[PDB]
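A closer look at the structure
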Amino acid sequence: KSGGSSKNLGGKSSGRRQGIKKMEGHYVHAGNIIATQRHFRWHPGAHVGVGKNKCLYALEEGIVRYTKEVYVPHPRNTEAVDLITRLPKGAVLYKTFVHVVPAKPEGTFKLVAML
RNA sequence: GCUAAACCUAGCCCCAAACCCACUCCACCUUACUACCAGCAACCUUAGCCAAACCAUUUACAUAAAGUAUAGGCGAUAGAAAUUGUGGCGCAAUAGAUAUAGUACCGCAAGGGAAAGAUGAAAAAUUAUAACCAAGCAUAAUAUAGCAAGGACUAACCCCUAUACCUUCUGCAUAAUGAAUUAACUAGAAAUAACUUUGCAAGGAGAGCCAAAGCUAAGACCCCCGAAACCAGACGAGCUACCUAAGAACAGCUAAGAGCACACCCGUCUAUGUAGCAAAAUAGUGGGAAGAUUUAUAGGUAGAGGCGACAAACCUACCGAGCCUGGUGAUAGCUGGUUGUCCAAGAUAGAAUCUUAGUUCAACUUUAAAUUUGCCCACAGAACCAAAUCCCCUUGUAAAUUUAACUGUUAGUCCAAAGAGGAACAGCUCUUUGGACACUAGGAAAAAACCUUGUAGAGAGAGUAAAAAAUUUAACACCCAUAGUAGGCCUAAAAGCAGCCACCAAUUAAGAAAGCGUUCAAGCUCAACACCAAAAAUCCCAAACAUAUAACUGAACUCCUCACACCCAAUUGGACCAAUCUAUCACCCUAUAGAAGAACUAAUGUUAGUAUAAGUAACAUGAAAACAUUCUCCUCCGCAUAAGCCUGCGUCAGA
RNA sequence: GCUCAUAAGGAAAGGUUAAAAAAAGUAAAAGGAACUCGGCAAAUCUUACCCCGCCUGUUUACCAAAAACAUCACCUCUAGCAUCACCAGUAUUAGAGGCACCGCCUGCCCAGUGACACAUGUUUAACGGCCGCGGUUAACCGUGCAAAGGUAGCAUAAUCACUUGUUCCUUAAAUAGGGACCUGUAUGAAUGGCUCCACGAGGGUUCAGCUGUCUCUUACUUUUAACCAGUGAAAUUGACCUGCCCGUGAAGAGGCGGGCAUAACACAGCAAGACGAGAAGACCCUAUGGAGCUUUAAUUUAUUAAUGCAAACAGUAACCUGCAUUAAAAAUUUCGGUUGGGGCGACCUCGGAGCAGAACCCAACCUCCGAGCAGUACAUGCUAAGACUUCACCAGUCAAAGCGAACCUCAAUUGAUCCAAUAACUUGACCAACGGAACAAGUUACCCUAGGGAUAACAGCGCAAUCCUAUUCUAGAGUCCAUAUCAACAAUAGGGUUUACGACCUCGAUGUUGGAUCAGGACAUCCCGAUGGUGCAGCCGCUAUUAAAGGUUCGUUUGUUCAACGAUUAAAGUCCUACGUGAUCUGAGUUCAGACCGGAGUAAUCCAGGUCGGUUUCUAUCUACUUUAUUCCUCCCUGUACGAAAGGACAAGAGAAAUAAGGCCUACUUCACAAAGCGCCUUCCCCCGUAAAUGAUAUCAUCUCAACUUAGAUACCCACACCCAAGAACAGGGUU
RNA sequence: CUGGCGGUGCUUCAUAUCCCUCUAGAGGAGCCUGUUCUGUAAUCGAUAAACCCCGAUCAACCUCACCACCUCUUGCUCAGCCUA
RNA sequence: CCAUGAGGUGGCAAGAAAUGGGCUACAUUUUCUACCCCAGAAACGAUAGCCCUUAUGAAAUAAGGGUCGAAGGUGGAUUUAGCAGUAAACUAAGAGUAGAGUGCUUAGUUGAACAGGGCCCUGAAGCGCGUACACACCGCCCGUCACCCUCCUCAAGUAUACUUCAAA
Ligand SMILES: [Mg+2]
Ligand SMILES: [Mg+2]
Ligand SMILES: [Mg+2]
Ligand SMILES: [Mg+2]
Ligand SMILES: [Mg+2]
Ligand SMILES: [Mg+2]
Ligand SMILES: [Mg+2]
Ligand SMILES: [Mg+2]
Ligand SMILES: [Mg+2]
Ligand SMILES: [Mg+2]
Ligand SMILES: [Mg+2]
Ligand SMILES: [Mg+2]
Ligand SMILES: [Mg+2]
Ligand SMILES: [Mg+2]
Ligand SMILES: [Mg+2]
Ligand SMILES: [Mg+2]
Ligand SMILES: [Mg+2]
Ligand SMILES: [Mg+2]
Ligand SMILES: [Mg+2]
Ligand SMILES: [Mg+2]
Ligand SMILES: [Mg+2]
Ligand SMILES: [Mg+2]
Ligand SMILES: [Mg+2]
Ligand SMILES: [Mg+2]
Ligand SMILES: [Mg+2]
Ligand SMILES: [Mg+2]
Ligand SMILES: [Mg+2]
Ligand SMILES: [Mg+2]
Ligand SMILES: [Mg+2]
Ligand SMILES: [Mg+2]
Ligand SMILES: [Mg+2]
Ligand SMILES: [Mg+2]
Ligand SMILES: [Mg+2]
Ligand SMILES: [Mg+2]
Ligand SMILES: [Mg+2]
Ligand SMILES: [Mg+2]
Ligand SMILES: [Mg+2]
Ligand SMILES: [Mg+2]
Ligand SMILES: [Mg+2]
Ligand SMILES: [Mg+2]
Ligand SMILES: [Mg+2]
Ligand SMILES: [Mg+2]
Ligand SMILES: [Mg+2]
Ligand SMILES: [Mg+2]
Ligand SMILES: [Mg+2]
Ligand SMILES: [Mg+2]
Ligand SMILES: [Mg+2]
Ligand SMILES: [Mg+2]
Ligand SMILES: [Mg+2]
Ligand SMILES: [Mg+2]
Ligand SMILES: [Mg+2]
Ligand SMILES: [Mg+2]
Ligand SMILES: [Mg+2]
Ligand SMILES: [Mg+2]
Ligand SMILES: [Mg+2]
Ligand SMILES: [Mg+2]
Ligand SMILES: [Mg+2]
Ligand SMILES: [Mg+2]
Ligand SMILES: [Mg+2]
Ligand SMILES: [Mg+2]
Ligand SMILES: [Mg+2]
Ligand SMILES: [Mg+2]
Ligand SMILES: [Mg+2]
Ligand SMILES: [Mg+2]
Ligand SMILES: [Mg+2]
Ligand SMILES: [Mg+2]
Ligand SMILES: [Mg+2]
Ligand SMILES: [Mg+2]
Ligand SMILES: [Mg+2]
Ligand SMILES: [Mg+2]
Ligand SMILES: [Mg+2]
Ligand SMILES: [Mg+2]
Ligand SMILES: [Mg+2]
Ligand SMILES: [Mg+2]
Ligand SMILES: [Mg+2]
Ligand SMILES: [Mg+2]
Ligand SMILES: [Mg+2]
Ligand SMILES: [Mg+2]
Ligand SMILES: [Mg+2]
Ligand SMILES: [Mg+2]
């Protein structure tokens, strides 16, 4: 027995727990993490921030909603521009975005005093 | 009825209170119980087990301050002061002091250690109580068969049923340990904190301690036996190893640490013995037997040591270092056990750990309480390199979150599918989804895991779920033969089959040839025409019928009369209760509260008697006789003494 | 100290019979070691060899008595001296060591350790070592390195498999014994190499004699056994009203599912089972439980002696005490985890790919890819709503804003407490055994203890990777000729007999192989019986089926079944029986303590290396048991049938020999009023596998898984008391 | 006994000789010149005094009698023979 | 014996590998110029190609005429002859090549040292010693392992033949 005992070590990693934390229809508050995962899964949509680990987190109190909108990234990403140019005429990427439909308003004009 | 069973009084533990004893007569440090004569003696840090999962520094010897400061491989732990101020809710011969006594017994020695008895006013009462109560036997031996029991039965057996208990482990009669019963003893002491009920309240408690509803007081919770092994000093050279002083022994024969051979020293081998003669024996063959020889007496060498012709052998039957005392009831992830009745809830994804036989967290489970949403939920929502899964309103329901507690689980096995390595094998090792087993019920033969089925009782009632293996392949249409010829290439040769070509066509109507056999041709058929699966070793294993009408039998499942808390491992929450003492009327034996040395089918548990092999193994005493005496055999044995014992086969009376 | 057998000293037989088994003695018809690993009890009394040890002597009282231990002889080192020994001694004297007398010898090396301050070197008779690559079965060439590179010598060793060596004998067989070869690659010199005078309870062979060890055992006495009288234990027991076969069953059933059986107890033997009975298996494994031994493992020098300093006095311009070093040997401790049993090999932290395919999720002694970092600012600044969170915790990740300036990329890429530096921001780990004791090794076959078949060596159990047996298409051979016969590439069925594989009860015990008596069963049949084919002119042969009623040798070696060989008969078959049977036996060794040979190891110890020897218990309780024809040789068949000659048979009858069983002492022996064999008599029935009349499905033909015919139980029996050929008692026969 | 030989002894000579002194050149590169011969169809004889600036006083062919290609029996020679 | 011969075109004349010799020049009077012996400076070598192939010719090796006008670096033992027209320098004709240079025969000019001492190396002559040598030191030669091989001695246990028996 040599060269085939257990030289292929290293595979002893636990689960990273990276998925969806607030499914669609849930009343998420401002600041809660919506999901965490590697590689841009759900691109940022309306009222959805992005941290450093390519994660998402709600910014306003509302219900989470997912749609399929066209993808038009920033010209900075030369790789994205190249991939787009490599597509034919009638071609669309259609990525998965995330939205947060706001419920409450930003404020209300209340009566202070009668002068 | 033999053997048995009980008596309870002597004495023990606690403190409550004082501080105790001690030479008539001789004798006692030499060899202790010895009338008598010329020689140093004293003061010493205790170690160690154990806990930090090892272990070195470390670990204990009135109240409050305060378990604070402080010290501490700053971790396990240790831890001050100033200030303060004359009886038993005991024991009653396996209990109580070990005690009738520190008695024999082990013993040369330190050292360890038990029981004696049972009526009373008269035992200078003759004369016995009332038999009854466990274990072993008699009155009284068995009469097909099989966990010693049930339904029964008019009856014992005969009929059907069911695989001893506890512990472990996923799984049990298993052939895994425990066990002969009986009587006695024998194994959960409490903690910061938490729950319930009393009393007062922003205060209570009989200074001190706690206060954004708190404190006080009570009730309720933390097992036993079991090593190897260390420390300090005693006791041990009377046997073994060595040394010292003075003594003893060694026939004879042949002839010098010479040879054979008495006594004598040790035992290389056989046989018997193996609970024997002996916790190391009996005969010869064995080596020596004027010398490194054996031994009588006394003294010296004692464990971190002594000794040692090294056997790492011996030092009082067991020496890789003898026993005792006090630390040690040492420790121990480990074997074993952990006592009365009944009801209810009650099976776990994983991680860390000098770690996978152990511990913590998480998760499962239990108790009391405040809150409201817990599960299948429907459109929809949830990725570029198949069964599926998450959220999910109405809808079935009544379950879920949290607070405060704390023990218990955290080694699993099998089945259907995805698999992973192995041989697309293993009652093979490990995951994912579901079920079962650890929990009873009816079957597949005896089955854990397979099919059906759960809320617990009776009735000599009714209706159902699962439920009984089937099946025998081999013929065959079997009438019948001219020729252009030996076509051509190679083949001396294959002409019809060593090899290739086209494969025509005359027979009236069909192969330049589909097989067989020829070196080669010779011969025999055919295409077509004319009726035509079993075998392995103790002996195969339920009797058994193909022919009376499809439906029966078949549970702890459902129903019928009553009332229902009365079928889980570990754990948890509750209702009762045999015995004793205490305070209460009782008083032919019971109630309210206070306590547990409070409740035995087991811990190769201890004490006492008794079954079991078992009347089996072991065993002796030479013969006749007038018990005067005589006869047969053996002898390396016998005489006195140093070592050692203390009256230990003579008489008198009874055993 | 005495005569050691006599003037001393004692009674081996409680009484009857002599069942079975064992032991102590007497003899034995032919052999004298041929059963046996061994000449191991009893008798002769004895001849020649090898290894080792100088010979005597001692060792493990209590399993190993030696090939070990010690020295008369040689050699190494230390000591210049007197009052307790060493010493009332003095260098030829003593102390500490290596080897083994005597003879031939002790060849080389201080790189490394130790001892000598020897002015830098000595010491190997101290610890230890004496080499490799290509060549006309090798000298000598080309060389590399150090200390030399095994010199002499001995040889298949007590010397790692090769090993049962080669080689010639010793016998009928020789892994037993011995004459020579280095090739012993790991022999080889006072860790001593070789011969030899005497010797060995040391370990292995052998020539002429020897015995019951066996061939084949028998008769007698005693011990001893049974009954009648007495007393009188222990190991052990859950209760037993206790059978057998098939299958299951925590995996070998007297109590389970189905069948066979079963009147009651008692003695006389039994050791197959009740995984039988005595010891918390001694072999394997766990223990942050121990102890012995060894140092260059982690620590302290308590103690001894010498060193430098201090006080301590004499000199000038000599004893104690305290502080650190050195050698000795002393004082405490440990020897981490995984391993489909333990060591060995490998691993110990983290990220990704498939298992885990569509929220998360899960296993690495399953197959892979990577990292203890890498590049520019230093607003990588100070604050703070809400969340994710490697399935716990400790540890990690995103973030609206608020103040201050604007007009980071990557995937793991790491480090907790205490402690230390630091005036103070801040920093300190290959703690990788990476959730991390502040630093600790090797062995135990001299081991102890608490436990484990959670976890091993033998079994049982399940698989069938390996093998064997049969069949299927023929590939290929077999002179034409696949299928008389052999048989590739594959598939279908049976095996658990070999090697493993899994550890499911059996480590508070299942005693391990051969060899002895005894054998039970199965046929994949070696032979005796019957058939078909054949490369069958006959025997000798080959193949396929039935038949297990029977038989299945004598010996030489190595402990080994297996393993080689000599002669037989027709054959010297396989397999299971817990590698059948140790409560029937055996010890040869396999698990032990001591020693030797070569090696590993600085040392203790070990080679799963080789041998010298190594206490084998049981008093029976239960179940169960304890009395009924086989072959070979010979004679008429004889030289027959068969050819080309050699060669050479079928059946039947008869004589004799053995096998196993049933009997006897009158001849022969052991011997005597008996019994036994070596001596003598008897032993008898076919076995299902084939070949044939007669005809249909299938008017042919045709043996019948269509109808019908051929080779196709006899034996023993069932009316008190004395002796016995009957018997342990009981029972039986005779008693004119 | 003759001779050879001697790092063999003694004595006498060497007059560019053997040294004690002195001259131009080889021991530095290119053309010509040779040799053993790898190219080849290609003489190569001597290959240390006795052989190479020897046929060389010269290798476009003539030197070259060596083969790629053709030649002949009277072979200009009563041949060539440079084939040993 | 119908060539192993020679005759008709072609060729070898570059160095696998080793190398002597003739010329070019390795520098300060090298290379340049005047006085026909009145001085200095940079401190110089087409060595071969290409055509006319010169010298000829069927066909061209140092070339007379058009392209290298530079680059090499007096070297260590040893070596050649030279006692004076010698060593060393400065110029021409030509045997022979049809064909020629830097070679060779002849014809010319300038012109050293020491010209003295010894066998230490070498050669010769006279006396003499030794000789295992004689195709004569390039000799004989001694001892290391042996095939076709010729023999012997020792050797523990073995097999065969043989003397002694009775002279007791
Ligand atoms: Mg992975
Ligand atoms: Mg403790
Ligand atoms: Mg501790
Ligand atoms: Mg005070
Ligand atoms: Mg008492
Ligand atoms: Mg008491
Ligand atoms: Mg009774
Ligand atoms: Mg019963
Ligand atoms: Mg229990
Ligand atoms: Mg238990
Ligand atoms: Mg288990
Ligand atoms: Mg049992
Ligand atoms: Mg409150
Ligand atoms: Mg003594
Ligand atoms: Mg002794
Ligand atoms: Mg012996
Ligand atoms: Mg015994
Ligand atoms: Mg002796
Ligand atoms: Mg003697
Ligand atoms: Mg004597
Ligand atoms: Mg002790
Ligand atoms: Mg304890
Ligand atoms: Mg542990
Ligand atoms: Mg147990
Ligand atoms: Mg109890
Ligand atoms: Mg329940
Ligand atoms: Mg750790
Ligand atoms: Mg398993
Ligand atoms: Mg269960
Ligand atoms: Mg019900
Ligand atoms: Mg009791
Ligand atoms: Mg027991
Ligand atoms: Mg008990
Ligand atoms: Mg008995
Ligand atoms: Mg007697
Ligand atoms: Mg008797
Ligand atoms: Mg005889
Ligand atoms: Mg005999
Ligand atoms: Mg035998
Ligand atoms: Mg034998
Ligand atoms: Mg023998
Ligand atoms: Mg003899
Ligand atoms: Mg000796
Ligand atoms: Mg012993
Ligand atoms: Mg002995
Ligand atoms: Mg000695
Ligand atoms: Mg001596
Ligand atoms: Mg030596
Ligand atoms: Mg060997
Ligand atoms: Mg008896
Ligand atoms: Mg009796
Ligand atoms: Mg017992
Ligand atoms: Mg069974
Ligand atoms: Mg049983
Ligand atoms: Mg047992
Ligand atoms: Mg045990
Ligand atoms: Mg301990
Ligand atoms: Mg300990
Ligand atoms: Mg392990
Ligand atoms: Mg978490
Ligand atoms: Mg902002
Ligand atoms: Mg971690
Ligand atoms: Mg660490
Ligand atoms: Mg540690
Ligand atoms: Mg040993
Ligand atoms: Mg096994
Ligand atoms: Mg063929
Ligand atoms: Mg197991
Ligand atoms: Mg075991
Ligand atoms: Mg055990
Ligand atoms: Mg047992
Ligand atoms: Mg058969
Ligand atoms: Mg066996
Ligand atoms: Mg047995
Ligand atoms: Mg020893
Ligand atoms: Mg030796
Ligand atoms: Mg026995
Ligand atoms: Mg009996
Ligand atoms: Mg009985
Ligand atoms: Mg010629």
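As annotated in the PDB entry, chain A is 39S ribosomal protein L27, mitochondrial from Homo sapiens. This deposition appears in the PDB under the title "Structural insights into unique features of the human mitochondrial ribosome recycling". Of the comments in the UniProt record for chain A, the one headed Subcellular location reads "Mitochondrion". The record held by UniProt for chain A lists under Sequence similarities the comment "Belongs to the bacterial ribosomal protein bL27 family."

Our next topic: the sheet that holds strand 1 (residues 27–28). Sheet architecture is open: three strands sit in the order 1-5-6, paired in antiparallel fashion. The two strands at the open ends of the sheet, each matched to only one other strand, are strand 1 and strand 6 (95–102). In this structure, strand 5 (residues 62–69) lies alongside strand 6, joined through eight bridges in antiparallel fashion. Note that in strand 6 the partner of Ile-63 across the bridge is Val-101.

Attention now moves to the layout of surface pockets. In this approach the atoms are scanned with a rolling probe the size of a water molecule, which exposes any empty space left behind. Computed from the structure, the largest pocket encloses a volume of approximately 160 Å³. If you trace the largest pocket, you find it lined by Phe-40, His-43, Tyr-71, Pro-73, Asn-77, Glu-79, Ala-80, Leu-83, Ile-84, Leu-93 and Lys-95. In terms of residue count, helix 1 (residues 78–85) provides more of the lining of the largest pocket than any other element does, four residues in total. Its residues assigned to classes, the lining of the largest pocket comprises seven nonpolar, two polar and two charged.

Moving on, we get to the nonpolar core. Counting ten residues, the largest nonpolar core is built from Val-28, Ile-34, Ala-35, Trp-42, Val-48, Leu-56, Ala-58, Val-64, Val-98 and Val-100. Among the elements of the structure, strand 2 (33–35), strand 4 (56–58) and strand 6 are those that each provide at least two residues to this core.

Let us now look at the pattern of salt bridges. Going through the model one piece at a time under the given rule, you end up with one salt bridge. Linking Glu-24 and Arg-65 is a salt bridge whose minimum nitrogen-to-oxygen distance equals 2.9 Å. With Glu-24 in the segment before strand 1 and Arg-65 in strand 5, this residue pair connects regions lying 41 residues apart in the sequence. What makes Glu-24 partly exposed here is its relative accessible area of 39%. Residue class for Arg-65 comes out partly exposed when judged on its relative accessible area of 36%.

Turning to the protein's contact with RNA strand C, a few remarks are in order. For RNA strand C, the set of nearby residues contains 28 residues, the closest of which are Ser-13, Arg-16, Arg-17, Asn-32 and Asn-53. Counting only the atoms of RNA strand C within 4 Å of the protein, the fraction contributed by sugar and phosphate is 77%. Between RNA strand C and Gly-15, the relevant distance is 2.7 Å, taken from a phosphate oxygen to a main-chain nitrogen or oxygen of the residue. One of the backbone nitrogen or oxygen atoms of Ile-20 is found 3.3 Å away from a sugar or linking oxygen of RNA strand C.

Criteria and cut-off values
Residues numbered from 1 in each chain as written, not as in the entry; some residues may be left out. Chains lettered and ligands numbered in written order. Part of a larger assembly, values for the part shown. Heavy atoms only, no water. UniProt positions renumbered as here; feature names shortened; annotations may be inferred. Pairing = 2+ DSSP bridges. Helix = DSSP H or I, 4+ residues; strand = E, 2+ residues; numbered from the N terminus. 1 Å grid on protein atoms, 1.4 Å probe; cavity = no way out; pocket = protein on both sides within 12 Å on 5 of 7 lines; lining within 4 Å. Points joined across faces, edges and corners; volume = space filled by probe spheres on them. Nonpolar A, V, L, I, M, F, W, Y, C, P; charged D, E, K, R; others polar. Core = buried A, V, L, I, M, F, W, Y, C linked by side-chain atoms within 4.5 Å. Buried < 20%, exposed > 50% of the residue type's maximum accessible area, 1.4 Å probe, protein only. Salt bridge = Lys/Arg side-chain N within 4 Å of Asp/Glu carboxyl O. Near = heavy atom within 4 Å. Polar contact = N/O pair within 3.5 Å; in protein donor to acceptor, adjacent residues only side chain to side chain.

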